[PDB]
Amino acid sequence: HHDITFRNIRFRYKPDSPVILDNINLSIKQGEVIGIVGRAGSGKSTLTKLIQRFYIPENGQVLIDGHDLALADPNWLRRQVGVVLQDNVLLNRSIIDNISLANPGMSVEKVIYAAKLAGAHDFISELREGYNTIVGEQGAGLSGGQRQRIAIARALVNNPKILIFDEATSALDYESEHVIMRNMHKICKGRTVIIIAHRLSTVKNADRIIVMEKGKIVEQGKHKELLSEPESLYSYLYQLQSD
C-alpha cells in the first residue's frame, strides 16, 4: 500500500512565477522512510507543502492512501500528517502547551508518550517545573537540541501515520542528536516518514533516497545504488560533503 503518491505534479507558487516542480512522479509505500536530498532550492520543501495541501498543483494529483487530496477532508489530512518543525517552539508557553499545540484539548498521557518517543521526557522530568516549564529563559531556559526534541514530540503527539522532518537549519548539540538518532526507529515505527536532509549522511540508511534537482526527481534508490550510478548527482553531493 502506498501512503503518498505524486502523479505528474507540476507546481508554481504564483500564476506567472517559475515552475518549481515539474512532472513529479513518486510513490511511497506505507512505513517507508524516505530521504529527500538536493541543492538549496531544488524543490524538496515545496514537495512536502503539497503533501499537506498548503498549495494546489496546476497539473497532476497528490494522493494519500489512494484519496486524491483535491477531494480529501482537509480535517482528516491535518491529522494524517505530523511535521517536525525547525525553530518553532513558543518560548512564552509551557513544554506541554508546545507539545499539544496542534490540538490543545488532549491528554497529559498522550503528551508524555510522544515526549518519550521524542527522547524529551527524561530531561523534562528533571526540570523544576516539569512539563509546566515555560520554554522561555525566565523559567528554566532550554537549548536548541532540547527544543528540537519538543518539536518532534509535538509532531508525534496525535500519532500521525505520516511524519515529515523539515530540513535542519541550525546544528544541534551532541546529546540531543545522539538521543534523536538512538530513538529514530521508535519515532518512525509504524509511520511513513519523509526526511528532508541537509547533510546526505543523515538519510544514508533511509529505505530510499530521492534526489531532486531544479524541481525534478533526477535519481532515486538506496544509498549504495545511488553511489553505483556513474556520474550521479548523488555521488557528486556526497563527495562535496565528504571530509
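Throughout, we count residues from 1 along the sequence that is shown.
>> Quick check: 186-194 versus 173-181, which has the larger average CA B-factor in the record?
In response: Per the PDB entry, the higher value belongs to 173-181.
> Higher mean Cα B-factor in the deposited model: 74-82 or 132-140?
Replying inline: Comparing 74-82 with 132-140, the higher mean C-alpha B-factor belongs to 132-140.
> Which third, lowest, middle or highest, does the CA B-factor of residue 213 fall in along this chain?
Replying inline: Within its chain, residue 213 is a lowest-third residue by C-alpha B-factor, going by the deposited values.
> Considering only modelled residues of the same chain, in which third does the CA B-factor of residue 23 rank: lowest, middle or highest?
Replying inline: It falls in the middle third of the chain.
> C-alpha B factor of residue 87, ranked within the chain: lowest, middle or highest third?
Replying inline: Answer is highest: the recorded C-alpha B-factor places it there.
> When the modelled residues of the chain are sorted by Cα temperature factor, does residue 68 land in the lowest, middle or highest third?
Replying inline: Answer is middle: the recorded C-alpha B-factor places it there.
> When the modelled residues of the chain are sorted by Cα temperature factor, does residue 8 land in the lowest, middle or highest third?
Replying inline: It falls in the bottom third of the chain.
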